[PDB]
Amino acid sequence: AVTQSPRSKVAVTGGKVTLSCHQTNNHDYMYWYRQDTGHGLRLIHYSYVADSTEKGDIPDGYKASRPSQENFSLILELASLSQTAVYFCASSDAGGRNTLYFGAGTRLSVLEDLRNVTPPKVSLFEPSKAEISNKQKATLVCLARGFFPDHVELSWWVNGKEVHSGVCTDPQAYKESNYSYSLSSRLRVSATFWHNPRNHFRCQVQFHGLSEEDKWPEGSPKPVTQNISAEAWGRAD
């Protein structure tokens, strides 16, 4: 396995950032790659042995550290706006033709001012009576608004269990203003399923903001990473 930590990171410009990778594959080679708006795997740094590293194609702005066989870290000493991107770690047995095994990615957003970090308001809009009557189906719509940056994952939970069937979530957040994004999703079930009051529906938005290592002053709520949900029960009323 190749596991990266953290999953998402928000950092201030000129702040230090460390992205961590742990691999359980007993592999000697490790790599850090950069991906931009979903395109490219550009090698930043790699390492074939437990205490040294080598430059990749785009090493500028990044250092790398290999403290152990299992561990390879990427270091941004003075984070810049240009380093906002998704970062992937990988391992391989011996380099060359050996298969690269990747982690799941770490999204980094670098901002001038962390007071702009804001969690979403999450709203659940209930099905139209006209849809139910005319199509015997019930579409619920979840709207997440007013969040920044765009580090959100939206999921649907029916009767306590996540569902994927009958769901479509926007692949990309809609930017409404400089510091405010919105995202929508819909879940469609049968009219009869919606009409059953035993059925519980929940939209969950995982927001990635600040971590508990970020300091926050005394007054206002800290915009931390958190799950925010809206819910509704089925009804025959």
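Sequential numbering from 1, following the sequence displayed.
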query: Mean C-alpha temperature factor, higher of 157 to 165 and 115 to 123; finding: 157 to 165
query: Segment of higher mean CA temperature factor, 69 to 77 or 102 to 110; finding: 69 to 77
query: Highest-ranked of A85, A94, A90, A144 once sorted by CA temperature factor in the record; finding: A94
query: Options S182, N26, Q204, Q35 - largest CA temperature factor per the record; finding: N26
query: For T13, the third of its chain into which the C-alpha B factor falls; finding: middle
query: Position of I228 among the chain's modelled residues by C-alpha B-factor, lowest, middle or highest third; finding: lowest
query: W194 - which third its CA temperature factor falls in, relative to the rest of the chain; finding: middle
query: Within-chain third of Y48 by Cα B-factor, per the entry; finding: highest
query: Assigned third (lowest, middle, highest) for the C-alpha B factor of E54; finding: lowest
